[PDB]
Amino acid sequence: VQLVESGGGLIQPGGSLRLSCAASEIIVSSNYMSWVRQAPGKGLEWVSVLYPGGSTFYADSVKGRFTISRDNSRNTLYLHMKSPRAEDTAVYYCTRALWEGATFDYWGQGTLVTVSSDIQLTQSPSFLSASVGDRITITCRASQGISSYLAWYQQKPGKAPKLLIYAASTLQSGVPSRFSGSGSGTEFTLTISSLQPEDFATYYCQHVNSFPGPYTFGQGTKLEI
């Protein structure tokens, strides 16, 4: 029912920080639980994941400096940031991963951390200006065939990303039917059949894979009036 992050803030370098994420109804220790971060104005980066059985995996950008853990009695996930650097500045999202252990169907609201001082995915176009009622397509291309291991997210300004489509074409429950995903192998397309004003947002494709790699997400498409 909810994931709620806390513990963020603005720190000078040379310290340490610990983020926490308190879950409800979701049981942390039973799930693939992750941290996904977003630097101001930039895309999404999968940082770390904690498996139900306790294995941990980290993006190369944070390996050796960040640690993910959990407290079963408090139903809470933690991100221990040791020696944080300015380039760690970002909003940090707690997520639960469902389909294939890497499709993020629940996101916390995110907490800001500011620190004072292999298959590649290409999303086209980077910027897309359109009008209400237009039919728009966004295409994600992968450097090798990835079957149907792809998901699409919508991110409204100020908000956490929201899962729209997974397994390339399966519409997440509650998403309007004007959103549809198609394709397989190396080319995937998100179509919005009749653009509505609440749909103006940034959209991301994600290669659904078991480990936090640098090309987990496409670079995003800014859909503007």
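Residue indices: 1-based, along the sequence shown.
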Query - Deposited-sequence gap flanked by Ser117 and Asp118 - result: 10 or more
Query raised in the report: Which has higher Cα B-factors on average according to the PDB entry: 145 to 153 or 69 to 77?
Result: 69 to 77
Query raised in the report: For the stretches 179 to 187 and 195 to 203, which has the higher mean C-alpha B-factor as given in the deposited record?
Result: 195 to 203
Query raised in the report: Of the three thirds of its chain by CA temperature factor, lowest, middle or highest, which one includes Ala102?
Result: lowest
**Report entry** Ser173, C-alpha B-factor rank within chain (lowest, middle or highest third)
**Finding:** highest
Report task. Could you tell me which third, lowest, middle or highest, the C-alpha B-factor of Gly218 occupies within its chain? Result -> lowest
Query raised in the report: For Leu112, does the deposited CA B-factor place it in the lowest, middle or highest third of the chain?
Result: middle
Query raised in the report: Can you tell me which third, lowest, middle or highest, the CA B-factor of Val132 falls into for its chain?
Result: highest
